[PDB]
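Just below is one structure, and these are the notes that go with it.
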Amino acid sequence: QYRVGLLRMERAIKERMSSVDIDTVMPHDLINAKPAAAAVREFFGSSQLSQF
DNA sequence: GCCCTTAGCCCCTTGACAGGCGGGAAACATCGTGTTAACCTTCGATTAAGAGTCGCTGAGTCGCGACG
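The number in UniProt numbering is simply the position in the first sequence, starting from 1, with 470 added.
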């Protein structure tokens, strides 16, 4: 599930890096963190394996 | 024992507030528009390790006969 979240984050970073230039760019400014923690939250929030 | 006189209770008249829903007038936070023009002109899941049956389609096999 973290690999799925990382694939989503990679898609987001690929969609966002085309707009923001890489030369003189603020570090880690295009990498998102919502789908990273959202995947583990769903895994521990309402997953069938983490049900109880 | 009954009638007259006076006191207490009930009722009426006025009223000086108090503020209180509510529209208006105003000061201030919404909600639908625009507008800008420097680069990519196919994104992506999701069953599919049981099970009884409804509704449609399209291939290979035969009859009936005509023309040599």
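Even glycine gets a Cβ: it sits at the ideal position worked out from N, Cα and C.
Test item: CB-CB of residue i and residue j under 8 Å
i, j, result
"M479", "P505", "yes"
Distance between beta carbons of residue j and residue i, contact taken as under 8 Å
i, j, result
"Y472", "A509", "6 Å"
"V490", "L476", "That pair is no contact at about 20 Å."
Where residue i falls, given that 16 or more other Cβ within 10 Å makes a residue buried
i, result
"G515", "exposed"
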